[PDB]
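*Asks:* Before anything else, here's the structure in question.
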Amino acid sequence: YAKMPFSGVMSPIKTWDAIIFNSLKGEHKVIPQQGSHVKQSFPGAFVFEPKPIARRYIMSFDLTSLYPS
Amino acid sequence: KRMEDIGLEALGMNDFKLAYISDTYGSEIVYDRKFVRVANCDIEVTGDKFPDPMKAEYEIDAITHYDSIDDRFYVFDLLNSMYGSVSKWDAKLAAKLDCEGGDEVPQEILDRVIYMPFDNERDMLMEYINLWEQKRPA
Amino acid sequence: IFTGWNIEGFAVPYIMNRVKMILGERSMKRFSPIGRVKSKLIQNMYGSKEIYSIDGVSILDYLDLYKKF
DNA sequence: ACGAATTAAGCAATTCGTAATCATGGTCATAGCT
DNA sequence: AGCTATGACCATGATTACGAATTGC
Ligand SMILES: Cc1cn([C@H]2CC[C@@H](COP(=O)(O)OP(=O)(O)OP(=O)(O)O)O2)c(=O)[nH]c1=O
């Protein structure tokens, strides 16, 4: 699907790079050069503080695939 | 390298494999599982202690290799070794029940098994190399 | 020679990053006489020291210069 | 703290064990009174 | 000769910081 060698599937970086490059080339565009950055830590997801007591009736909700949305 | 030394961005794929892949096909790919040669292998070595792949000082005693295009198992057995010389392996006994001395191996799997015993490790390894050349797994 | 107090700790990393993320990479390299600036990450003393190297000018941070001399 | 050539999904969270350190109960030893 | 108040100890209990193994969105 990504028009990539078989082993590259073990690294999502390569498959996403290949598929985005294919999409860009299909519209006659050009990808930028691999630059250089530094590893940093950024805040992650959020989780509340539950009160460790028995809760009789609970409703549950979720958002389908939060981050791509 | 020269553009990096000057300091201007060089745009495009730095890896040419998928670049040639895209230039070759361009359109979507239609594939087929039965046309791709997928192979599995398993190794058993008999020795006094745990054999080390970094050294491989012990002989190889049991070779098994499954191929998908021919859906065939190849089994290599060494009759004699410095750790013990033994007789051949019979498919029929393997399909028998454990109480009757069998090994409970299913008969349908046995239908796809091809046996080649060899006396020494060198001949077995030569045969494995030549079959690998004949049957190159994808 | 481009010097100052704790210049390699704040001034340079800050100027470089602000120019990169406000003007772009091409403007950031204009500082280098030969347009060649690089960023390394050093994980010593709780890390976070993005020492910037500008090719053509010498970074001679005064804090360590006074520390060792 | 200059090695210098280079490379491959992320973060938040609990729980346990270990090593360090301070407070202390059960019990033993001292002893003192009867 | 024995009960009992108290110091030492020996281990026991408790709290903190850090490494590690494992989920789960
Ligand atoms: C599992 C997983 C999830 N995430 C992120 C991605 C967004 C959210 C929830 O999306 P998930 O795929 O869990 O939700 P999904 O199961 O797809 O949605 P439903 O709960 O089934 O509706 O968490 C991640 O970064 N890495 C992971 O390994």
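Residue numbers (the working numbering), protein chains in the order written: chain A, 4 to 72; chain B, 6 to 143; chain C, 57 to 125. Don't be surprised by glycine CBs; every beta carbon is placed ideally from N, CA and C.
(1) For chain A, is any of its Cβ atoms less than 8 Å away from the one on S114/C?
(2) Contact criterion: CB-CB distance below 8 Å. Does residue 155/B meet it with respect to chain A?
(3) To the nearest angstrom, how far is it from the Cα of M13/A to the Cα of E52/A?
(4) Tell me which residues pass a beta-carbon proximity test against ligand 1: closer than 6 Å to any heavy atom, given in chain order.
(5) Does the beta carbon of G12/B sit closer than 8 Å to a beta carbon anywhere in chain C?
(6) Mind pulling the chain B residues with CB within less than 8 Å of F24/A?
(7) Can you check DSSP and say which residues form a bridge with residue 155/B?
(8) What's the call for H70/B, buried or exposed, on a 16-neighbour Cβ count within 10 Å?
(9) Which partner residues of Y108/C appear in the DSSP bridge assignment?
(10) Starting from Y71/B, trace the alpha helix (DSSP H) in both directions and tell me its first and last residue.
(11) So the candidates are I48/B, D20/B, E132/B; which of them puts its Cα closest to the Cα of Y63/B?
(12) Between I114/B and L16/B, what straight-line distance do the alpha-carbon atoms span, to the nearest angstrom?
(13) Using a Cβ-Cβ cut-off of 8 Å, state whether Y30/B counts as contacting chain A.
(14) Please classify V91/B: is it buried, with 16 or more other beta-carbons within 10 angstroms of its beta-carbon, or exposed?
(15) I need the DSSP call for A67/C, collapsed to helix, strand or coil.
(16) State the beta-bridge partners of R77/B as determined by DSSP.
(17) Compute the distance between the beta-carbons of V50/B and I68/B, then report whether it is under 8 Å.
(18) Mind checking whether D57/B and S86/B have CB atoms under 8 Å apart?
(19) Counting C-beta neighbours from all protein chains within 10 Å, is the total for residue 144/B 16 or more, i.e. buried, or is it exposed?
(20) Assign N62/C to one of three DSSP states: helix, strand, or coil.
(21) Report the option in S63/A, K42/A, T67/A, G29/A whose CA atom is closest to the CA atom of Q99/C.
(22) If the criterion is Cβ atoms closer than 8 Å, does the pair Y118/C and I57/C meet it?
(23) Can you list, in chain order, the residues of its chain whose CB lies under 7 Å from that of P69/C, leaving out five sequence neighbours each side?
(24) Should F64/A go down as buried or exposed, given a rule of 16 or more other Cβ atoms within 10 Å for buried?
(25) What residues are listed by DSSP as bridge partners for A44/B?
*Replies:* Looking at the atomic coordinates:
(1) Translated into positions along the third sequence, residue 114/C becomes position 58. Using a Cβ-Cβ cut-off of 8 Å, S114/C does not count as an interface residue toward chain A, since no Cβ of chain A sits closer than that to its own.
(2) The shown model of chain B, from 6 to 143, leaves out residue 155/B, and the question about it has no answer.
(3) Taking the first residue of the first sequence as position 1, residue 13/A is located at position 10. Taking the first residue of the first sequence as position 1, residue 52/A is located at position 49. Approximately 36 Å, taken between the alpha carbons.
(4) Listed by chain position, these are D65/A, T67/A, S68/A, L69/A, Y70/A.
(5) In the second sequence, the residue the question calls residue 12/B occupies position 7. True, the Cβ-Cβ gap to chain C drops below 8 Å.
(6) By 1-based counting over the first sequence, the position of residue 24/A is 21. Against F24/A, the close residues of chain B are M18, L23, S27, in the order they occur along the chain (beta-carbon pairs closer than 8 Å).
(7) Residue 155/B is absent from the model: chain B starts at 6 and stops at 143.
(8) Reading the second sequence from its first residue, position 65 is the one you call residue 70/B. Classification of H70/B: buried, given that the 10 Å Cβ count is 16 or more.
(9) Stepping through the third sequence from its first residue, residue 108/C is reached at position 52. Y108/C is bridged to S95/C.
(10) The residue given as residue 71/B occupies position 66 in the second sequence. In the DSSP annotation of this structure, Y71/B is not part of any alpha helix (DSSP H); the continuous beta strand (DSSP E) holding it starts and ends at 67-72.
(11) As a position in the second sequence, residue 63/B is number 58, starting the count at 1. That would be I48/B, whose Cα lies nearest to the Cα of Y63/B.
(12) Within the second sequence, the letter at position 109 stands for residue 114/B. Within the second sequence, the letter at position 11 stands for residue 16/B. Each residue's alpha carbon lies about 54 Å from the other.
(13) The residue you call residue 30/B lines up with position 25 of the second sequence. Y30/B belongs to the set of residues whose beta carbon lies under 8 Å from a beta carbon in chain A.
(14) The residue labelled residue 91/B in the question sits at position 86 within the second sequence. So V91/B ends up on the exposed side.
(15) Along the third sequence, read from residue 1 onward, the residue named residue 67/C stands at position 11. Here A67/C sits in helix by DSSP.
(16) Here the question's residue 77/B lines up with position 72 in the second sequence. Beta-bridge pairing links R77/B to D72/B.
(17) Residue 50/B sits at position 45 when you count from the first residue of the second sequence. Residue 68/B sits at position 63 when you count from the first residue of the second sequence. No, Cβ-Cβ distance for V50/B and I68/B is not below 8 Å.
(18) For the purposes of this step, residue 57/B is identified with residue 52 of the second sequence, where counting begins at 1. For the purposes of this step, residue 86/B is identified with residue 81 of the second sequence, where counting begins at 1. No, these two residues do not count as a Cβ contact at 8 Å.
(19) Since the displayed chain B opens at 6 and closes at 143, residue 144/B lies outside it and no answer follows.
(20) Position 6 of the third sequence, counting from 1, holds the residue named residue 62/C. In this structure, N62/C counts as coil in the three-state DSSP scheme.
(21) Counting from 1 along the third sequence, the entry for residue 99/C is found at position 43. Between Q99/C and the set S63/A, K42/A, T67/A, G29/A, the nearest pair of CA atoms involves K42/A.
(22) Residue 118/C sits at position 62 when you count from the first residue of the third sequence. Residue 57/C sits at position 1 when you count from the first residue of the third sequence. Not in contact: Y118/C and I57/C (Cβ atoms no closer than 8 Å).
(23) Residue numbering aside, residue 69/C sits at position 13 when the third sequence is read from its first letter. If we look at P69/C and ignore the five residues flanking it on each side, its Cβ neighbours are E106, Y108.
(24) Position 61 of the first sequence holds residue 64/A. Around the beta carbon of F64/A, fewer than 16 other beta carbons lie within 10 angstroms, which makes this residue exposed.
(25) By one-based count along the second sequence, residue 44/B stands at place 39. As DSSP reads the structure, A44/B sits in a beta bridge with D72/B.
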